[PDB]
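See structure below.
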Amino acid sequence: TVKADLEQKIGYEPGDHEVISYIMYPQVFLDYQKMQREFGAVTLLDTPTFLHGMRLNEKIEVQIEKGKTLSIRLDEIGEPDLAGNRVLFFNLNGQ
Amino acid sequence: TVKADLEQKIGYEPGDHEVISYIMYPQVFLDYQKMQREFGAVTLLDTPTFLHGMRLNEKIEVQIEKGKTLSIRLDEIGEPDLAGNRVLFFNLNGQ
Amino acid sequence: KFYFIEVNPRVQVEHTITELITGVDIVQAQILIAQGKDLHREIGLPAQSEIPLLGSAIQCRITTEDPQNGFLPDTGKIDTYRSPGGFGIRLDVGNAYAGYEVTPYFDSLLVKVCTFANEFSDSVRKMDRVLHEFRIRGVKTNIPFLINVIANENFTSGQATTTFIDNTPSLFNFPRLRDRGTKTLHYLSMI
Amino acid sequence: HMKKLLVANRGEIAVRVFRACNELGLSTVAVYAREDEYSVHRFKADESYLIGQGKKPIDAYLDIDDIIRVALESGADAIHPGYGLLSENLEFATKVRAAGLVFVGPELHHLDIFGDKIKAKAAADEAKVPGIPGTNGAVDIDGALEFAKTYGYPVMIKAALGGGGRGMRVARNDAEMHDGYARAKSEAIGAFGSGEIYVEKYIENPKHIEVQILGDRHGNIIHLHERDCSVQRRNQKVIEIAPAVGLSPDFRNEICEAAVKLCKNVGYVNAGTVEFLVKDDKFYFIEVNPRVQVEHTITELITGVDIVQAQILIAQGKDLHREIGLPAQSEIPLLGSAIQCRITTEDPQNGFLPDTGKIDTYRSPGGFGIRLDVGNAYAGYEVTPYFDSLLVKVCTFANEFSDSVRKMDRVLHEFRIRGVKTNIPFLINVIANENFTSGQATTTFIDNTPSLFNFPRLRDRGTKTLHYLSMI
Ligand SMILES: CC(=O)SCCNC(=O)CCNC(=O)[C@H](O)C(C)(C)COP(=O)(O)OP(=O)(O)OC[C@H]1O[C@@H](n2cnc3c(N)ncnc32)[C@H](O)[C@@H]1OP(=O)(O)O
Ligand SMILES: Nc1ncnc2c1ncn2[C@@H]1O[C@H](COP(=O)(O)OP(=O)(O)O)[C@@H](O)[C@H]1O
Ligand SMILES: [Mg+2]
Ligand SMILES: [Mg+2]
């Protein structure tokens, strides 16, 4: 029953470990799944990049999987607009 | 004699008005020709844009020719690097 | 048993595949006919039995309709655009460049891509390669729906009908896309 | 058996093989040096690995052991070398086939008989293919003078290994062959060590004809068709057309049949190109390229045959007609004509030296009859002096050659690369020429035409306005 409910919530068929983690920590597992859907696998970042983000004119490399490395360079942080949004000029994989 | 001398300096065959302008103000005309090669026809710009450049998030239109209007927007001004160069993030003709 | 239903007195969106399989520039010939020129004297098009059939071609319209949202045309900012190329690939792009703001005023079309080959299976394979190589981020596209239609065996056999899309519910099952670059950039910007 | 393929190359050709492998349902592995970390081909593959760490970024792509190690670690069944770098390197082929990996290329016997022009000419004469008269094998300076005396003048100095301006000089008057020999030998020992030179009977105004050859392991050898690459600058090709519209069809068929009989004699497999020099209905063998050319795209367009897909499936050991689906030799069609122009960073206003710097603008055309094979030319790409000057090769194809010419002119005027200087005005001048449009262009067409180097003034007013606005 909780497996079917979790499949309804997280949008895919969960493993036994995911069902068990949903049983033990219901709100925490759902918040973790929402954070996974929004920010992705942040566990692959190194700890200074995970904690303090990215400096200006810094070059980092993130290995998402074997043979796949993301080249990320922060070039410019834009000023906030009237709506409070800032545009960050990233250089992802050369682009 | 002076038209052939002027043609070598400006890179094209000059008109009668350009030749007679070179006689009176030879350094001023050649400095004007050098500025024409670097900045182009800045006479087409609007006078606040001619004297003060662009503000952040400002959108101007420059009609360089009949039927050709450049759409220029300044999105972000970068910080100077160690070489002293700033990168300006323009949006010329949508790009 | 064929039956007449309509004539459109215009150049159509799907003229590109006819150009690819015939070698005849439809828009150029349209302009030359508007100049009052003969089709075989000055344009140079051959007679009827000498018109070549140069293989088969497939046209896919990549729009901003979101098949996960009932094919509602999405709007927003295109932050990423990568277009494919190579052998057998024809591109007719509209307004799909990086940094373009998609407005709800005009049609949903981003880019028309046409794939031509001597064999229809090669055309299907190259169209699948194009749809997987194509990368438009920041706005929703109908690319997974096009991939699902391409992968169907009715399409590859060529026996699809006008009710083929509606009769097949498996075309609306879309795999989850990881999209790890966008998520990583979002988290880096947030921190 | 084959499910993963590594490409031991970079740039546009790596992307081309990646597209062919993805169409064939194979996984792709890319390799890249540290200085090529922003290349497009790195991110176009499923897996990418750094190679040649600590080396200059030309030796990294020539690092045979690192490429072999990456292919073994990634579990790649096969290796495709593309063109250039280790494409014609026999040692790379030996190590690839010895490691248990399929080499996408001809056999090793083809590799050493076509790695040098002396053994290639030997195979050509024992294949009864009419070659170019010249010295037989390794001759010295005295042999060069001997051949210059008896056979007459003019002669051409050519080394066995390489070419393309490397060890290829000319001699039309006495006491020129000595310093030409010294320069050619110095250029040979600079690259490949001591390499023998063979002196060739030079031809006044020749036409360069390449014949593309596709052969499988079952012995079926077919030519797709021929292509004309006579438009040359300092004996380097700039614009290639296909088919040779300036030649009669029966003569082109005879040249293609001669190339077919040569490749059948050597038992050729995979894709290869036979080069010829052509003058007044008499062709002469020069060399065989044991790989795919940069200008295979026009052959693909005029024949409809995917050359890279076919050579991958030939490396899979499939039959050309039953398995690939390629028809008989007579059933290979001629789908109009096609023109390939390579847009590079060579600035024609500065002696065709390759420009470097950041590209701030890139707009590419499209529509009917346009084929694009882009390398690294996107907006924001910093052009490095390490690699080749090529940005993007663009091919235009149409039913008529004049329509192909006008489509190429439209493409070159529509093209916009700002930030680095390109050879686009020179290409526009060559396209606009009456000799090229008639198709009777020779190898000396560019050097005998000074009007190709007059370039109209371009007022890039957007760049100037943005520069002034940034200044103020
Ligand atoms: C030339 C061709 O034939 S391309 C055909 C399809 N492309 C490929 O097979 C190789 C590239 N693969 C990809 O881009 C994706 O992984 C796809 C197409 C398989 C789909 O994955 P998605 O869920 O949509 O996004 P994904 O999670 O993989 O994002 C990872 C990022 O690393 C990039 N990337 C992809 N391959 C590599 C690589 N070898 N090295 C570094 N980065 C890579 C991706 O482009 C992607 O960046 P993006 O946001 O601009 O698209
Ligand atoms: N004897 C000759 N007469 C005229 N042209 C020649 C002669 N030998 C070579 N060439 C020219 O030199 C060019 C280079 O030929 P080749 O050695 O086959 O290519 P590469 O130099 O790339 O190996 C050819 O395009 C050809 O036109
Ligand atoms: Mg209708
Ligand atoms: Mg050659």
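Per chain, numbering begins at 1; letters A, B, ... match sequence-line order. In each ligand, atom 1 is the first atom listed, and ligand 1 is the first ligand listed.
- Contacts with ligand 1 closer than 4.0 Å are made by side-chain heavy atoms of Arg82(C) only, the backbone lying farther away.
- Polar contact check, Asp46(D) against ligand 1: a nitrogen or oxygen pair lies under 3.5 Å apart.
- In terms of polar-atom proximity, defined here as any N/O pair under 3.5 Å, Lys44(D) makes no such contact with ligand 1.
- Listing protein N, O or S atoms at distances below 2.8 Å from the Mg ion (ligand 3), with waters left out, gives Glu6(C) OE1.
- When heavy-atom distances to ligand 2 are checked against a 4.0 Å cut-off, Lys237(D) has no atom that comes that close, whether in backbone or side chain.
- Interface atoms of ligand 1 facing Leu70(A), defined by a heavy-atom separation under 4.0 Å, are 31 (C), 32 (O).
- The distance criterion of under 3.5 Å between nitrogen or oxygen atoms is met by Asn22(D) with respect to ligand 1.
- The protein does not reach atom 17 (C) of ligand 1 closely, with no heavy atom under 4.0 angstrom from it.
- For the residue pair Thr273(D) / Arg291(D), no side-chain donor-acceptor distance below 3.5 Å is found, with atom types taken as modelled.
- The ligand atoms of ligand 1 that sit less than 4.0 angstrom from a heavy atom of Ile64(A) are 30 (C), 32 (O).
- Here the shortest heavy-atom distance to atom 3 (N) of ligand 2, taken over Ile203(D), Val278(D), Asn205(D), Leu161(D), belongs to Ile203(D).
- Evaluation of the salt bridge (charged side-chain N to carboxylate O under 4.0 Å, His left out) test over residues 151-161 of chain D, restricted to residues two or more places apart or in two chains, returns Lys158(D)-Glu200(D).
- The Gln232(D) neighbourhood of ligand 2 comprises atoms 13 (C), 24 (C), 25 (O), 27 (O), with distances under 4.0 Å to a heavy atom of that residue.
- Considering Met156(D), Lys158(D), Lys117(D) only, the shortest heavy-atom separation from atom 16 (P) of ligand 2 involves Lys117(D).
- On a distance-only criterion, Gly162(D) and ligand 2 share at least one N/O pair closer than 3.5 Å.
- For atom 20 (C) of ligand 1, the protein comes within 4.0 Å by no heavy atom at all.
- When ring centroids are compared, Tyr97(C) and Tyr81(C) stay outside the 6.0 Å threshold.
- Distance screen at 4.0 Å: atom 46 (C) of ligand 1 has no protein heavy-atom neighbour inside the cut-off.
- Considering only residues two or more places apart in sequence or on other chains, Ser186(D) meets the side-chain hydrogen bond (donor to acceptor under 3.5 Å, both in side chains) condition with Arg183(D).
- Considering only non-hydrogen atoms, atom 5 (N) of ligand 2 lies nearest to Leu277(D) out of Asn289(D), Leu277(D), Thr443(D), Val155(D).
- Taking all heavy atoms of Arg135(C), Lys68(A), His132(C), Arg19(D) into account, the minimum distance to atom 14 (O) of ligand 1 is reached by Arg135(C).
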Start with the C-alpha distance between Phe39(A) and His186(C), add both sets of side-chain angles, then the distance that settles ring pair (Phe, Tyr, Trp, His ring centres under 6.0 Å), and finish with yes or no. CA-CA 6 Å; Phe39(A) 296 126; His186(C) 180 39; 4.9 Å; yes
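- Not a single heavy atom of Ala30(D) sits closer than 4.0 Å to an atom of ligand 1.
- Any N or O atom pair closer than 3.5 Å counts here, and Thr182(C) shares no such pair with ligand 1.
- When only interatomic distances are considered, the shortest N/O to N/O separation between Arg137(C) and ligand 1 falls below 3.5 Å.
- Partners of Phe43(D) according to the side chain to side chain contact (heavy atoms under 4.5 Å, CB included) rule, which considers only residues two or more places apart in sequence or in another chain, are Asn93(A).
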